[PDB]
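Listed next as structure tokens is one chain, alone, in the form deposited in one PDB entry.
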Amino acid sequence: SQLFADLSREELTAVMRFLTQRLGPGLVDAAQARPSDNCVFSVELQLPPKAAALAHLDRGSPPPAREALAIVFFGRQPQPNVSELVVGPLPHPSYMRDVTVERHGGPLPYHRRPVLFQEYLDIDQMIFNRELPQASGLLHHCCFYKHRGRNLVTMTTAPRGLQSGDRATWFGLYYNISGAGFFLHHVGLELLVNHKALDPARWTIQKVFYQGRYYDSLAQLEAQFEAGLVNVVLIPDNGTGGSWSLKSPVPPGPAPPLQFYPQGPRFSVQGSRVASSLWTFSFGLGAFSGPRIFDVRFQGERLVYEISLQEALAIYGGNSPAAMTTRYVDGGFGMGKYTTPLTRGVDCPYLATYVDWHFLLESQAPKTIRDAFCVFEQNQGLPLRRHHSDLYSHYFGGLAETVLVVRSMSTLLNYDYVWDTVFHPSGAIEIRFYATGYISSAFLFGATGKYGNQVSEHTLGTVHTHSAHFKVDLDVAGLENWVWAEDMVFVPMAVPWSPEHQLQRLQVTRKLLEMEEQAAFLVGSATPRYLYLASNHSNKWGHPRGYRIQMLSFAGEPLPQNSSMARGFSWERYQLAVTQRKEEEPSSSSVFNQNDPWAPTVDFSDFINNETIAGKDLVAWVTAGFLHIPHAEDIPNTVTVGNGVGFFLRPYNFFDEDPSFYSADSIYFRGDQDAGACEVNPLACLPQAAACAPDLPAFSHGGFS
């Protein structure tokens, strides 16, 4: 049903006409809001509760009410707070409900709120107009400063301070490169900026970093320079070769392979539901959590209630302060908020289905981010399977793997994150994520090689880790799942038919995990080889109907626990976790963990807490990531190759046999058949389409802000 569908523009609009009329005037378009104002920061779908939904999907029951969730910024008042407000019911809403206290247990400190655009906007005037011209001396000799500075530019960092309550953000300055990436031109200057106040006027600059040293203020600095105790070096504002560009010099060649659907496309997309002769599901994007799918049904049978992105994380080293503070909790800005338009042919097959996404964020109207998702089938040029017999009997049987794919890409500053869920006709599911886009760069002063690699002119490639977190609500043959751990061992035995001789007996080992903690594995420890969620049920051969989680992760090694900050993303700590699903444990991180991870608005280690995971509705949680030491070949961009991570969800005695066997595209023939004949196999039936083939739609592109 149109049940897990993100909110229509119409829906978004009408929640707003409510919120506005029913929060009094004195409410502001968050576009232009100052901290001490009341504004609505986000209106997005409030996902239904699970029980109420299944009821409606499986057993007639009418459908749970369709409800928004507005995050409201309550600045204008003596005790300013943030408030999560459920609104509804949709399409024509009548009620509203502060749920804040329910969830966290008290109000939301106002300093956990995400920085607004207008806030950045103000912060830049405080620098571009009031702090930088103090050093218009130095900046002219270092970096082409002209009065009053539209050649330079800023980039936020990580958490914003050192202990809770702080709202002080280190910014770098970079040249405002035209039509290409600025992230590689760290002008050498970093600035701590305390913007904790509700009055921007009282914002200060607690610190300043230049070519290796720290000065309490900007005058403090420009002075120390003008005294000739500081060696300026002129940084070139211009260049050639990828450092400075993306447009390739080399001109177009013969076009690259195109895939097309000879007989027309073999899947559909209505609303946000996807349907192919193997899979149905519903897809979507959470403004902050990012992309998610639900009600994944493989040939009518539900495999998972939910797979979704929880969080994404990035944790730096560095020369500089702004780098060596920096840990972004990117959901803190928002994977959905920052899903960019997909470029037809580049991001996705020219012939994918490209779907729009709507949102109301920091505004009062909804806007659309066109071509936000793509769905497509993709021949892999690979057997799903195959056998060829020359022994005893002559036959061949195999099948080319085509795969179904849904994808969106989130561009958050330097990074373009690639989010893939892919659907194998073996009944398997792959989640992949890819880090591409630009890197974050420092400016380079000598004391370096512990903090990364010179990738350029003046440019340090600043070491970091990536990590990402997924919710996997497997309902293996319905809710009650257990969790098993199969692996392996050798055992010195006698050889039965020569007990004088020894053999090394290979054995499987199985073990049921009964307790939330026995199924929480840290990065650094050993996962077992075979690990799955079972049902009480068995398949025909008497084997716990099961789905296996096989992880593709290169231990993006974790910020140690001893840090004050770590509870902001305690999931980085874990390779894998399973818990009892619970409406009150609905997410792994939250938009609010960004600006105060010392007071986690949600701390994941909580979820794990001496409970049974024996015949309960379980949910597994997977972390995926790698170490990234940037190197020259990351210029201009980091590439996808090798940097795919995630996991496989694989059938494991779930079925009675490989369901591909019932496949429509299986190919089979014997030594004694005419393999060249169209009704021995259909490959030998070239005709297929009429005219000159793949009919192609005229190119367009989403656009920008």
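Throughout, rigid core stands for the largest set of C-alpha atoms superposing within 1.5 Å between the two forms. Just count from 1 along the sequence shown to find any residue number. Shifts are known only where both forms have a C-alpha.
Colleague: Can you tell me whether residue 147 lacks a model in a third or more of the other compared entries?
Modeller: Yes, a third or more of the compared structures omit it.
Colleague: Taking the mean of the C-alpha B-factors per stretch from the entry, tell me the winner out of 681-689 and 15-23.
Modeller: Averaging CA B-factors over each stretch, the winner is 681-689.
Colleague: If you average the CA temperature factors over each stretch, which comes out higher, 631-639 or 249-257?
Modeller: Comparing 631-639 with 249-257, the higher mean C-alpha B-factor belongs to 249-257.
Colleague: Which of these, 481, 243, 83, 509, has its C-alpha atom at the highest B-factor, as the entry lists it?
Modeller: 83 has the highest C-alpha B-factor of those listed.
Colleague: If you check the C-alpha B-factor for each of 342, 404, 208, 534 in the entry, which is highest?
Modeller: Answer, based on the entry's C-alpha B-factors: 534.
Colleague: Just say lowest, middle or highest third for the CA B-factor of residue 44 relative to the other modelled residues in its chain.
Modeller: Its C-alpha B-factor belongs to the middle third of this chain's values.
Colleague: Comparing against every modelled residue in the chain, figure out the third that the C-alpha B-factor of residue 223 lands in (lowest, middle or highest).
Modeller: Residue 223: CA B-factor falls in the middle third of its chain.
Colleague: Of the three thirds of its chain by CA temperature factor, lowest, middle or highest, which one includes residue 116?
Modeller: Middle third.
Colleague: Could you tell me which third, lowest, middle or highest, the C-alpha B-factor of residue 197 occupies within its chain?
Modeller: For residue 197, whose C-alpha B-factor we compare with every modelled residue in the chain, the answer is the middle third.
Colleague: Ranked by Cα temperature factor within the chain, is residue 313 in the lowest third, the middle third or the highest third?
Modeller: Answer is lowest: the recorded C-alpha B-factor places it there.
The next section is about a form of this same protein that is not shown, the form deposited in another entry.
Colleague: 2 Å or more on the CA of residue 689 between this form and the one not shown, with the rigid core superposed, yes or no?
Modeller: Passes the 2 Å threshold, so yes.
Colleague: Answer with closer or farther for the CA-CA spacing of residue 404 and residue 692 in the other form compared to the shown form; it moves by 3 Å or more.
Modeller: It is closer: in the other form, the C-alpha atoms of residue 404 and residue 692 lie at least 3 Å nearer than they do here.
Colleague: At a change of 3 Å or more, would you call the C-alpha separation of residue 689 and residue 404 in the other form closer or farther than in the form supplied?
Modeller: Distance between the C-alphas of residue 689 and residue 404: longer in the other form, by 3 Å or more.
Colleague: Counting only residues modelled in both forms, where do runs of 3+ with a CA shift of at least 2 Å appear between this form and the one not shown, relative to the core?
Modeller: Only one moving run appears between this form and the one not shown, namely 687-695.
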